[PDB]
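J.: sequence below, structure please.
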Amino acid sequence: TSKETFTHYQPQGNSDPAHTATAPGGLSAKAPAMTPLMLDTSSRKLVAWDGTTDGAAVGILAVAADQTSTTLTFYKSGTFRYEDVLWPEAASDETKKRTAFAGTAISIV
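T.: Residues are numbered from 1 along each chain as shown. Shown next is the protein structure:
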């Protein structure tokens, strides 16, 4: 419990001391946590990963979310457990998902 601050709120500027991202939510259905997700380019929203799109995974959802989620809290980087991460069946090749975070600061094993 601690809230004390007052400054000219500005829509241009966002930074958190944590190592996670918080999107305004833009899913289309309910999805469990501990899984990779994809970030839109135009709508700039965070939605569950398709499973096919190569290099679509941008981060892993920390807490399960749904299309009704107004805010999604997913990771940004760090070594995560693949044996636990619930990858989408769409992934026909094991190497496909294992390399879904190609380009980001995320490294899964």
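
J.: what ranges do the strands span in this protein?
T.: Under the criterion DSSP state E, strands of the chain are mapped to 20-23, 35-39, 46-48, 57-61, 72-75.

J.: got TSV for these, with distance to residue 93 too?
T.: No exception for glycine: its C-beta is placed from N, CA and C like everyone else's. TSV is the format used below for these (distance: least, CB to CB, whole Å):
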stretch	distance to residue 93
strand 20-23	27
strand 35-39	15
strand 46-48	19
strand 57-61	14
strand 72-75	23
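
J.: dump these into TSV; add distance to residue 103 and mean neighbour count as well.
T.: Converted to TSV, the strands of the chain look like this (distance: least, CB to CB, whole Å; neighbours: other CB atoms under 10 Å):
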stretch	distance to residue 103	mean neighbour count
strand 20-23	15	17
strand 35-39	12	21
strand 46-48	17	23
strand 57-61	9	24
strand 72-75	15	21
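
J.: select, out of the ones you listed, the one closest to residue 96.
T.: strand 57-61 (10.1 Å; CB to CB).

J.: out of the strands of the chain, which comes closest to residue 3?
T.: strand 20-23 (17.4 Å).

J.: now do the contacts for residue 61.
T.: 31, 32, 33, 34, 35, 36, 37, 48, 72, 73, 74, 75 (CB atoms under 8 Å, 6 or more residues apart in numbering).

J.: can I assume the third one is in contact with residue 65?
T.: Just to be clear, that refers to residue 33. Yes: with contacts counted by CB atoms under 8 Å, residue 33 reaches residue 65, the gap being 7.4 Å.

J.: no further questions, thank you.
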